[PDB]
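Q: I'd like to ask you about the structure that follows.
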Amino acid sequence: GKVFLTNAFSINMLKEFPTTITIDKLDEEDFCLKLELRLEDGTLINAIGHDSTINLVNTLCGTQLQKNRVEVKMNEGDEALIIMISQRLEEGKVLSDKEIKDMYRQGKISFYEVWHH
Amino acid sequence: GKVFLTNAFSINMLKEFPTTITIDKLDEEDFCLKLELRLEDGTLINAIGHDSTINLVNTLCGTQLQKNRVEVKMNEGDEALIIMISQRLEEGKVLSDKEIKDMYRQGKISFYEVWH
């Protein structure tokens, strides 16, 4: 199925109820590799709507994503790869990979994968 | 066997990963009855931190909740009851029970339950 790239998880992303989903926490490497895999196989749908988050992901993973607004609605065969930022990123501030990995080590960035049980 | 009442579901509410959760949609009556049950058995932890939502729930369900700011973190034996209001409540307006049911008819309020 599809793999949505999102900066949030919401009950609104679930097409139907009841549903049962599994959520794991990812480290950076596994997030970037899964993202790269889904870009290569063409199943990734990018739903990160803001350039700040896009630029962070691109710096972190070496991807070349452009922002894309999509209402995420997941079927039972779909999954999401999620990047969660606590602080609201500055629209303009270019972050070095050292800055991004500080945030990550500080626990200001977390990664998750959500799929159907 | 905690049951949190919240206005949101967020991954930050889960203590440990991996975890597998079931989510169902509730109707008005079932939301309120489940709230009342967990109030009565003392397992409900109210985590609704805005009075506008408090007041709406108290009117809809006949409860006497007050504003309570609580950091929600759920164990495997815990669950949550959720009201999702899709728009901002108007400040200084008292919602009638009819208005709340209108909002619900219109899909502007939804209720869920999340358990493991």
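We name chains A, B, ... following the order of the structure tokens; residues begin at 1 in each chain, and ligands are numbered from 1 as shown.
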Within 9 Å of residue B:70, counting only C-alpha atoms, which residues qualify if same-chain residues fewer than 4 places away don't, as JSON, numbers by chain?

A: {"B": [45, 46, 47, 48, 49]}

Q: Would you put the residues from that selection into a file with C-alpha atoms, as a CSV table (one decimal), in the first residue's frame?

A:
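The new file result28.csv reads:
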chain,number,residue,atom,x,y,z
B,45,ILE,CA,-8.5,10.9,35.1
B,46,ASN,CA,-9.7,14.1,33.6
B,47,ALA,CA,-7.1,15.7,31.4
B,48,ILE,CA,-9.2,18.4,29.7
B,49,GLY,CA,-7.4,21.7,30.3

Q: Write out as a PyMOL selection string all residues of chain A that DSSP puts in helix (DSSP H, G or I) for this structure's backbone.

A: chain A and resi 11-13+28-40+51-61+97-106

Q: Could you please tell me, as a PyMOL selection string, which residues of chain A have an atom within 9 Å of chain B when using only C-alpha atoms?

A: chain A and resi 8-11+16-25+112+116-117

Q: Among chain A, which ones does DSSP place in strand (DSSP E or B), written as a count of residues only?

A: 32

Q: Can you tell me, as a PyMOL selection string, what residues are no more than 12 Å from residue A:65 when counting only C-alpha atoms, ignoring any on the same chain fewer than 6 positions away?

A: chain A and resi 5+35-36+39+44-59

Q: Identify which of the residues B:91, B:37, B:3, B:73 lies closest to residue B:53, counting only C-alpha atoms when measuring atom-to-atom distances.

A: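 When distances to residue B:53 are compared using only C-alpha atoms, the smallest one comes from B:91.
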
Q: My list of candidates is B:103, B:89, B:80, B:35. Which is closest to residue B:64 when distances are computed with only C-alpha atoms?

A: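 The answer is B:35, which sits nearest to residue B:64.
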
Q: For atom CA of residue A:96 and atom CA of residue A:37, quote the distance in Å rounded to one decimal.

A: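 Between these atoms lies a distance of 24.1 Å.
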
Q: Any idea what's packed within 7 Å of stretch 74-83 of chain A, counting only C-alpha atoms, ignoring anything in its chain fewer than 6 positions away? Could you give it as a compact mmCIF listing (two decimals) with N, CA and C atoms, in the first residue's frame?

A:
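What ended up in out_32.txt:
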# COMPACT_ATOMS: atom_id res chain seq x y z
N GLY A 1 0.83 -1.25 0.00
CA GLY A 1 0.00 0.00 0.00
C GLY A 1 0.84 1.26 0.00
N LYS A 2 0.23 2.39 0.33
CA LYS A 2 0.91 3.67 0.38
C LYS A 2 1.68 3.84 1.70
N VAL A 3 2.69 4.70 1.67
CA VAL A 3 3.42 5.10 2.86
C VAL A 3 3.44 6.63 2.97
N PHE A 4 2.65 7.16 3.89
CA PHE A 4 2.60 8.60 4.07
C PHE A 4 3.74 9.12 4.93
N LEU A 5 4.44 10.14 4.43
CA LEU A 5 5.41 10.87 5.22
C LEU A 5 4.72 12.09 5.85
N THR A 6 4.69 12.13 7.18
CA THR A 6 3.96 13.16 7.91
C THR A 6 4.80 13.69 9.07
N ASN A 7 4.49 14.92 9.46
CA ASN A 7 5.07 15.52 10.65
C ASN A 7 4.14 15.45 11.85
N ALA A 8 3.05 14.69 11.72
CA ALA A 8 2.08 14.50 12.78
C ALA A 8 1.37 13.16 12.65
N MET A 13 -6.37 10.74 10.43
CA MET A 13 -5.75 10.04 9.32
C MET A 13 -6.27 8.64 9.10
N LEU A 14 -7.19 8.19 9.96
CA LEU A 14 -7.70 6.82 9.88
C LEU A 14 -9.04 6.79 9.15
N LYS A 15 -9.08 6.12 8.01
CA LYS A 15 -10.28 6.15 7.18
C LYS A 15 -11.48 5.59 7.91
N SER A 110 11.78 13.18 17.16
CA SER A 110 11.53 11.75 17.28
C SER A 110 10.91 11.24 15.99
N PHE A 111 11.07 9.95 15.74
CA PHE A 111 10.57 9.33 14.53
C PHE A 111 9.73 8.13 14.89
N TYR A 112 8.67 7.91 14.12
CA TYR A 112 7.74 6.81 14.37
C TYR A 112 7.30 6.21 13.08
N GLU A 113 6.86 4.97 13.18
CA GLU A 113 6.23 4.33 12.06
C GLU A 113 4.90 3.82 12.57
N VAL A 114 3.84 4.01 11.78
CA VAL A 114 2.52 3.55 12.15
C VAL A 114 2.05 2.67 11.02
N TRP A 115 1.62 1.46 11.36
CA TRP A 115 1.00 0.55 10.40
C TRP A 115 -0.16 -0.23 11.02
N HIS A 116 -0.93 -0.91 10.18
CA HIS A 116 -2.09 -1.66 10.66
C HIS A 116 -1.70 -3.06 11.13

Q: Point out the residue among B:111, B:104, B:2, B:39 with the least atom-to-atom distance to residue B:81, counting only C-alpha atoms.

A: B:111

Q: So which one's closest to residue B:82, B:34, B:98, B:105, B:15? Using only C-alpha atoms, please.

A: B:34
